[PDB]
2 protein chains.
Amino acid sequence: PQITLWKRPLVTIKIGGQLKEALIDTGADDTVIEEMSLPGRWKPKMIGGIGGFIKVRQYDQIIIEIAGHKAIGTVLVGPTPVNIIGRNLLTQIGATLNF
Amino acid sequence: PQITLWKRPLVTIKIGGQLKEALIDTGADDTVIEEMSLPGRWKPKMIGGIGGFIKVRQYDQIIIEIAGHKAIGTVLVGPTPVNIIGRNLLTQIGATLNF
Ligand SMILES: CCCC[C@@H](CN[C@@H](CCCC)C(=O)N[C@@H](CCC(N)=O)C(=O)N[C@@H](CCCNC(N)=[NH2+])C(N)=O)NC(=O)[C@@H](NC(=O)[C@@H](NC(C)=O)[C@@H](C)O)[C@@H](C)CC
């Protein structure tokens, strides 16, 4: 699709069989989701945002759908204010910015 | 242009007579710039994201040129770790997300 920016670019995602809302975020390197259970082992990661740094859990090779488009990749889980879909998965679905 | 998302989408902006580099952030409601002088009255604002909140100064009716495209709107100034172009200005330059 084409998504304009007059409103927040919120989409539905599917992860772990569950539908969630998330923000398409070109300003995010990574994909960060609120607390949930994911399978397998995780590794530690520190990430930064507008207000400082937080610790998250890094899960690799997670199956995720973004607005109906299939991706398989890294998902960070931790105390983000909002679920964000970042560039690691936006590149898998072929997303670009255009003006 | 078409901007891919393999790397951070950085652009040059001109604001207040100065050139700066800034991140195109579809996940940002507002435009947030590191400390600089701007004309006119301001009022304080708290803005949040990963890591919590920072205090900024809100300036209205600021003219800005983003990768060569002129727009006018509100600009927030304060201790942001990165200069951010948010949706309030991205709409004005006609920026969309496409996949
Ligand atoms: C979580 C809230 C929504 C998404 C977030 C994305 N902003 C980018 C800004 C760029 C960094 C300061 C971000 O945090 N990106 C992170 C996301 C986490 C991630 N890992 O992907 C990032 O890429 N972090 C990199 C570090 C980038 C460093 N950059 C640099 N040195 N130049 C990282 N690997 O940790 N938006 C925001 O932080 C904005 N928040 C908002 O728009 C709204 N706030 C809330 C809470 O929704 C509004 C109600 O204020 C701020 C700027 C105010 C207008």
Side-chain angles (χ1 to χ4, degrees), chain A residues 3 5-11 13 20-35 42-60 62 64 66 71 73-92 95 97, chain B residues 3 5-13 20-35 42-60 62 64 66 73-92 95 97:
Chain A
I3 303 172
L5 296 170
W6 305 99
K7 300 174 293 117
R8 295 197 295 159
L10 294 167
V11 299
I13 68 170
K20 298 178 183 285
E21 292 304 283
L23 185 66
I24 300 301
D25 196 351
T26 60
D29 298 341
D30 308 301
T31 295
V32 193
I33 306 296
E34 302 180 297
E35 185 55 41
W42 62 273
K43 293 184 310 95
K45 191 174 172 79
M46 191 74 19
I47 58 171
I50 196 60
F53 299 88
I54 65 169
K55 290 175 261 76
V56 295
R57 304 197 304 280
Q58 178 176 328
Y59 296 86
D60 292 327
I62 300 295
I64 179 173
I66 301 154
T74 298
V75 174
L76 309 181
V77 177
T80 180
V82 161
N83 298 328
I84 61 183
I85 309 306
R87 295 186 297 95
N88 73 304
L89 301 182
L90 296 174
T91 58
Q92 291 198 22
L97 281 161
Chain B
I3 305 175
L5 297 171
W6 302 111
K7 71 181 159 164
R8 292 168 180 165
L10 300 180
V11 292
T12 299
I13 68 169
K20 291 184 175 298
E21 182 173 72
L23 179 70
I24 297 168
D25 188 1
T26 58
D29 291 358
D30 306 325
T31 295
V32 193
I33 306 295
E34 68 198 337
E35 283 293 348
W42 61 270
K43 48 197 181 175
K45 193 179 196 185
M46 287 280 266
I47 54 171
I50 285 164
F53 290 75
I54 63 169
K55 187 173 75 178
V56 298
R57 305 193 301 289
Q58 179 185 325
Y59 293 87
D60 298 328
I62 302 300
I64 192 173
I66 302 158
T74 296
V75 174
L76 309 180
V77 178
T80 180
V82 178
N83 296 323
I84 293 162
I85 307 308
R87 294 187 298 98
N88 74 305
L89 297 176
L90 293 170
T91 59
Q92 299 298 285
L97 285 160

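Note on naming: letters A, B, ... go to the chains in the order of the sequence lines (proteins, then strands), and numbering restarts at 1 for each one. Counting starts at 1 for both ligands and their atoms, following the listed order. We use all heavy atoms of the structure for the numbers below, so side chains are in, but hydrogens, waters and symmetry mates are not.
For the atom pair CD1 (B:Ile66) and CG (B:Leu89), the distance works out to 4.5 Å, reported to the nearest 0.5 Å. Between B:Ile33 atom CD1 and B:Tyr59 atom OH the span is 13.0 Å, to the nearest 0.5 Å.
A:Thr31 and A:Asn88 share a donor-acceptor pair across their side chains, judged by distance under 3.5 Å alone.
Nearest protein heavy-atom contact of atom 31 (N) of ligand 1 is B:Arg8 NH1, 4.0 Å. B:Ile84 CD1, 3.8 Å is the protein heavy atom nearest to atom 52 (C) of ligand 1. If you check which protein heavy atom lies closest to atom 11 (C) of ligand 1, you get B:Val82 CG2, 4.0 Å. Summary of contacts: the protein heavy atom closest to atom 9 (C) of ligand 1 is B:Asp25 OD2, 3.5 Å. What sits closest to atom 18 (C) of ligand 1 on the protein, heavy atoms only, is B:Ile50 CD1, 3.8 Å. Protein heavy atom in closest approach to atom 49 (C) of ligand 1: B:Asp29 OD2, 3.5 Å. The protein non-hydrogen atom at the shortest distance from atom 20 (N) of ligand 1 is A:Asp30 OD2, 2.9 Å.
With respect to B:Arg8, the salt bridge (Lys or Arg N to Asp or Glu O under 4.0 Å) criterion is satisfied by exactly one of A:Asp30, A:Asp25, A:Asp29: A:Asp29.
Counting atoms of ligand 1 from 1 in the listed order, those under 4.0 Å from a heavy atom of B:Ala28 are 42 (O). Applying the 4.0 Å criterion to heavy atoms of A:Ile47 picks out, from ligand 1, the atoms 20 (N), 35 (O). The atoms of ligand 1 that sit less than 4.0 Å from any heavy atom of B:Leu23 are 10 (C).
Of the heavy atoms in B:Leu76, none comes closer than 4.0 Å to ligand 1.
The nearest pair of heavy atoms linking A:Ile85 to A:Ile64 is CD1-CD1, 4.5 Å. A:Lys45 approaches A:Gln58 most closely through the heavy-atom pair CD-OE1, 3.5 Å. Summarising the geometry of A:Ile3 relative to A:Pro9, their closest heavy-atom pair is CG2-CB, 3.9 Å, with the distance given to 0.1 Å.
Side chains of B:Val32 and B:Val75 form no contact here, defined as non-hydrogen atoms less than 4.5 Å apart.
By heavy-atom distance, the residue among B:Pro81, B:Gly27, B:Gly49, A:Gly48 lying nearest atom 16 (C) of ligand 1 is A:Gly48.
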